[PDB]
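Descriptive analysis of the structure
Chain residues, written in single-letter form:
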Amino acid sequence: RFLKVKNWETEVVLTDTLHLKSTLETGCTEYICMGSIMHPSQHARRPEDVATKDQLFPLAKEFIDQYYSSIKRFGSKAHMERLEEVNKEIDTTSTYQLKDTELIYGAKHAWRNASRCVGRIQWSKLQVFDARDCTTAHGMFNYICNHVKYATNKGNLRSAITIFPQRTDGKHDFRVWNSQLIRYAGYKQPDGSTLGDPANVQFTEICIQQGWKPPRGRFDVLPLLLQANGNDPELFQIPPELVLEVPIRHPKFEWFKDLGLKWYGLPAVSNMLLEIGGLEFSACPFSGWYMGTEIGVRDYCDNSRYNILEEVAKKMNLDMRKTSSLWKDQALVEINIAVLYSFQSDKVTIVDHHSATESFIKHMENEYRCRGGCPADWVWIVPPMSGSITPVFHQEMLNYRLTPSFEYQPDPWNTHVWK
Amino acid sequence: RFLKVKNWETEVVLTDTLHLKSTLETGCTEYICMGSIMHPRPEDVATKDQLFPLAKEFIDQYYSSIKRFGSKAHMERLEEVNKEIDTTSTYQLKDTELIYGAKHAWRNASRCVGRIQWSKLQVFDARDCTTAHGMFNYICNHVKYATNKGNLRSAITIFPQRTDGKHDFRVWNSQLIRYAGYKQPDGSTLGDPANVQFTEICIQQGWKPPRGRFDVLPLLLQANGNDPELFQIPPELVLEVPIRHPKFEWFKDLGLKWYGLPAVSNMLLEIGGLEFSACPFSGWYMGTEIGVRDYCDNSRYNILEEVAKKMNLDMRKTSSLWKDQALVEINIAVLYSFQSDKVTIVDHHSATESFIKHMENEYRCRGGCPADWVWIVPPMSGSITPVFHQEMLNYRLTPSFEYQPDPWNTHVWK
Ligand code: HEM
Ligand code: HEM
Ligand SMILES: CNCCc1cc(F)c(F)c(OCc2cc(C)cc(N)n2)c1
Ligand SMILES: CNCCc1cc(F)c(F)c(OCc2cc(C)cc(N)n2)c1
Ligand SMILES: C[C@H](O)[C@H](O)[C@H]1CNc2nc(N)[nH]c(=O)c2N1
Ligand SMILES: C[C@H](O)[C@H](O)[C@H]1CNc2nc(N)[nH]c(=O)c2N1
Ligand SMILES: [Zn+2]
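Basis of the calculations
- Residues numbered from 1 in each chain as written, not as in the entry; some residues may be left out.
- Chains lettered and ligands numbered in written order.
- Heavy atoms only, no water.
- Pairing = 2+ DSSP bridges.
- Helix = DSSP H or I, 4+ residues; strand = E, 2+ residues; numbered from the N terminus.
- Contact = heavy atoms within 4.5 Å.
- Axes fitted to C-alpha atoms, helices over the stretch in contact; angles between N-to-C directions.
- Disulfide = S-S within 2.5 Å.
- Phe/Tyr/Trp six-rings, centres within 6.5 Å; stacked < 30°, edge-to-face > 60°.
- Buried < 20%, exposed > 50% of the residue type's maximum accessible area, 1.4 Å probe, protein only.
- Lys NZ or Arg CZ within 6 Å of the ring centre and 35° of its normal.
- Core = buried A, V, L, I, M, F, W, Y, C linked by side-chain atoms within 4.5 Å.
- Expected span 1.5 Å × (residues − 1).
- Arc of directions from axis to C-beta.
- Near = heavy atom within 4 Å.
- Polar contact = N/O pair within 3.5 Å; in protein donor to acceptor, adjacent residues only side chain to side chain.
- Nonpolar A, V, L, I, M, F, W, Y, C, P; charged D, E, K, R; others polar.
- Salt bridge = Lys/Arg side-chain N within 4 Å of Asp/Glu carboxyl O.

Things to note about the sheet that holds strand β5 (residues 170-171) of chain B
Pairing between sheet strands relies on hydrogen bonds along the backbone, with the strands arranged either parallel or antiparallel. All names here are of chain B. The three strands lie next to each other as β5-β8-β9, forming an open sheet whose pairing is antiparallel. Edge positions in the sheet fall to β5 and β9 (229-231), since each of these pairs with one other strand and no more. Two strands pair when backbone bridges link them, and β5 and strand β8 (residues 219-222) are joined in this way by two bridges, in the antiparallel orientation. Bridging across to β8, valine 171 finds its partner in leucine 221. Where helix α4 (residues 132-147) meets the sheet, its contacts fall on β5, β8 and β9, and the angle it forms with β8 comes to roughly 130 degrees.

Observations regarding the state of the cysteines
One pass over the structure, following the stated rule, counts zero disulfides over all chains. Note on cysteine 207 of chain A: no disulfide assigned, nearest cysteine sulfur contributed by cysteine 145 of chain A at a separation of 15 Å. Counting only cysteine sulfurs, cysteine 140 of chain B is the nearest neighbor of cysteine 129 of chain B, a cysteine outside any disulfide, at a range of 12 Å.

Regarding the packing of aromatic side chains
What characterises a pair of aromatic rings is the spacing of the ring centres plus the angle enclosed by the ring planes. Overall, the coordinates contain 45 aromatic pairs over all chains when judged by the stated rule. Measuring from ring centre to ring centre gives 5.3 Å for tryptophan 373 of chain B and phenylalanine 388 of chain B, while their planes differ by 55 degrees; the resulting arrangement is tilted. Within this pair, whereas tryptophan 373 of chain B is found in helix α10 (residues 373-376), its partner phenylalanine 388 of chain B is found in the loop between α10 and β18 (400-402), the two being separated by 15 residues in sequence. For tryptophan 373 of chain B, a relative accessible area of 7% translates into the label buried. A residue is classified by how much of its surface remains accessible, and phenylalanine 388 of chain B, at 15% relative accessible area, is buried. A connected cluster of aromatic rings, assembled from ring pairs, spans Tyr184, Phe219, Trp263, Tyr264, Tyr290, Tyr300 and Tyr306 of chain A. We note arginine 1 of chain B situated over the ring of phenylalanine 2 of chain B; from NZ or CZ to the ring centre the distance is 4.4 Å.

Overview of the nonpolar core
Counting residues in each nonpolar core, the largest one holds 124 residues, and the members touching the most others are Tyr300 of chain A together with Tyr295 of chain B. Filtering out sequence-adjacent residues up to four positions away, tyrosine 300 of chain A remains in contact with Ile248, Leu261, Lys262, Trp263, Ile295, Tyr306, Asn307, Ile308, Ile335 and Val339 of chain A. With 56 residues, the next largest nonpolar core counts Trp378 and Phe393 of chain A together with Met34 and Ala351 of chain B among its residues.

Quick look at helix α5 (residues 196-204) of chain B
By the burial criterion, the buried members of α5 of chain B are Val196, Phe198, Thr199, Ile201 and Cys202 of chain B. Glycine 206 of chain B, located one to two residues past α5 of chain B, shows a positive phi value of around 120 degrees.

Structural notes on helix α2 (residues 72-88) of chain B
Residues and elements named next belong to chain B. In this model, α2 (17 residues) spans 24 Å end to end at C-alpha, consistent with the 24 Å of a helix rising 1.5 Å per residue. Within the sequence span of α2, burial applies to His74, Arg77, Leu78, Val81 and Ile85. Looking straight down α2, one finds its buried side chains confined to an arc of 105 degrees; they lie on one side. Opposite the buried face of α2, at more than 90 degrees from it, the exposed residues are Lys72, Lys83 and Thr87. Each element contacted by the buried residues of α2 is listed here: α1 (48-65) and α3 (95-107). Once α2 finishes, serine 89 follows within two positions and takes phi at roughly 70 degrees, a positive value.

Quick word on the site of ligand 1
Residues and elements named next belong to chain A. Neighbouring ligand 1 are 17 residues, the closest being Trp111, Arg116, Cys117, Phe286 and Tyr408. Contact distances for ligand 1 include 3.4 Å between a nitrogen atom and a side-chain N or O atom of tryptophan 111. Here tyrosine 408 contributes a side-chain N or O atom positioned 2.5 Å from an oxygen atom of ligand 1. The residue inventory of the shell around ligand 1, partitioned by class, reads eleven nonpolar, four polar and two charged.

Section: the pattern of salt bridges
For the coordinates displayed, the defined rule picks out 49 salt bridges over all chains. Measuring nitrogen to oxygen at the nearest pair gives 3.9 Å for the salt bridge that ties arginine 46 of chain A to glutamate 280 of chain A. Of the two residues, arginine 46 of chain A is situated in the loop between β2 (13-16) and α1 (53-70) and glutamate 280 of chain A in strand β14 (residues 279-281); the sequence distance between them amounts to 234 residues. The salt bridge involving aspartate 125 of chain B is made with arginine 127 of chain B; its shortest N-O contact spans 2.8 Å. With a relative accessible area of 31%, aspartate 125 of chain B lands in the partly exposed category. In the salt-bridge network here, residues are joined through shared partners; they are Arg46, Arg167, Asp173 and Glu280 of chain A.

By themselves, these figures tell us nothing about what the structure is for.
Below, the structure is given as structure tokens:
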């Protein structure tokens, strides 16, 4: 009915009514909890392809209602005319178009509703680039380059999203085939090993299959593979002056820079779907700045990623014959000190996991205060190292699905019928 | 009728059918997940009609486990149970059923990473106990047996079940061996800040506290709903480990030690609708339990700052990761010390690897393995252990270990 959450480190209790506004299933039942499943539910708000009027209109009415409620109208002349406008538009085209204000509101609130995101305290400070007039892969490349340059801002990174045209019938989708705008290639070696980023071996091979000439190194920035109005995707090389990179060095270990490691500065998720009032923006790359652990814990130390732990430990002179020496744990901490020290030295925006999780607790406080709640996914919010010495580990969280939202979608190469 | 879980590190996919046998609530609803909530009346003892199907489900389950389902003995046992429930409004487990139930409450404990050992559990039947002196005796023997001079063995001692709710046996301690905590007038804390409240209850019951940093608390034992009574565990039965560091000479000078035996004593064991309110159980420690939570939680011994200082760490900015660095060294020390003293302990890498092997076997032979990711993933270095990348389904099977209200919140003093 009305659910409370407690922090066990501070005893603060917060009361949640916002969850009553949730629409989509979490995947859980009274009998099974799916909170650690990556993709627990397939409960979509609209059917397969182009929906009928009685399917799309009720979703549209909900979002318009919420937007006009947001700005202290509801029932105002502009609201009631907007409903009639959307109504006639679905009648004559089977879809509708968002005003600039509604589009910005929807993007910002999909970020606000992103239960898995620890960075949401900045949710209302998002730059929205309307790219809905785009018609070709070349135009998409231009929009994406402007996005990257604006968001990088010479190291003082800025949150931004660029929104390409919504889905119509499902055959004219706009898609960025890259999962992130900037990633490193991954190469399947003949001796079975892997050079570069193993996560991207398959996408790297699609690029080569499309004509990309791989330099075959450890940190090869992948090309963009852009799809517009359902046509075959096209390759573009991001101008390197636009790809800001931080060489990784360590403030005490002088031998660290000799590892020859660097990472890119801009994290830009480009494979997700943005859902606003029943409309589906299948290409909506968004970016912010890194939490240190994303690079130094997951990108470098995951077994199926760069996996540098052994090397860093060996250089550190660590006993690697037994787990109980905690050599992995020791190297892991040093790598993350190095990542943070390098980014801060080159004046590139980065946030450590202590600061980020502390900010999120504050964001929670504000949201329960003004909004009646904040959906949060503990399994994702807690950092992947030193969990219990950050304040979120000790914070109970309720998870529920609010719209507008970011959703996953299939990879286009499982879907796309070439020509 | 199927559910699949995937490992995102290995790509292994398992299929859970066992969740169809769950019958009690997770706390989640179809529209909101309560997976991170920690806890989603005395007269609430079960009626005759409530007890009938619970008992049947468990007896059926037990005879299925021993390949005698439907058999003559299964049907007469069923008849025998339903007779007792008619006459007495309760029933009594056979010894075999008690051992099976205690083992399967551990097997079903979704928050326990240590369940690879569930079938090797020593069950001490203390259902004939009637006084707190009797409970003291049972518990001392448990401690001595489980400690085994540092070669720890898992065990549980089961006291008489709940009857009307007015005659409960309880161990008032939360664990069998914990250190006392004392608030000072200046607001500081001596010992373990977790146990300040319980230390005060003991002091008020007559305990004369040494007022030191590592005073083993006395046992506070309640038999048959009477007022609880104090007893001092004989100090020769409490194995302890001084914490030193293999590289840092100065670490021993912190004066740190910990007990060898983790023995949870505040939970309720539920078998076939019967409720065993006093059922202390014990295993051996995973290092991070002591190194991360016990020593470094801000609400606990809180020695991160002290260790970082002796490490010459820059503690001006969080981004130096001085807290992280100090946490690893403490956990190195905890493991080194227990191993040097040949006191059983398990590090989080070994423990989580074993649990993945356990989980896969449980999917093989049982159709699943209920698991609570929020508890199974260790409190440090989470993503470099294999459970972090393992999807898990959480659901509640019985027999089960349950939380219960603290006894001083509900006891009716005589
Ligand atoms: C500005 C600084 C930001 C920080 C520090 C941050 C931090 C994070 C982190 C650490 C994760 C988990 C990633 C992982 O470990 O795999 C995450 C997830 C996510 N972030 Fe943020 N983020 C930021 C900005 C944004 C922005 C601008 C958006 C959208 C406009 C956004 C939307 C999301 C979404 C939708 C997810 C979860 C998606 C999924 O389920 O995979 N974030 N964030
Ligand atoms: C033998 C070695 C064992 C290991 C290494 C082990 C490890 C753990 C750990 C690390 C936890 C989480 C503790 C925390 O962080 O608060 C836990 C929880 C638990 N253990 Fe085990 N354990 C062991 C034995 C046992 C035994 C013998 C039993 C019962 C017979 C048991 C029942 C439980 C239960 C019921 C919980 C969770 C209670 C709850 O909060 O729901 N464990 N275990
Ligand atoms: C194994 N991890 C999965 C990787 C992953 C998958 C997603 F689907 C995300 F959405 C994501 O977001 C990461 C992110 C996004 C932004 C905008 C800023 C920031 N610092 N980090 C990360
Ligand atoms: C600090 N978190 C809360 C503490 C806590 C709460 C519980 F409800 C437990 F059940 C528990 O069990 C800890 C345990 C038990 C056994 C038998 C072995 C072992 N190694 N650890 C610990
Ligand atoms: C709020 C949150 O669920 C709580 O802090 C949990 C998180 N996970 C945990 N995991 C374990 N093993 N032990 C704990 O005490 C906790 N505490
Ligand atoms: C199985 C598990 O759900 C999966 O490995 C999750 C766990 N938590 C995570 N948390 C974050 N931030 N990012 C992730 O990719 C994951 N992966
Ligand atoms: Zn759930």
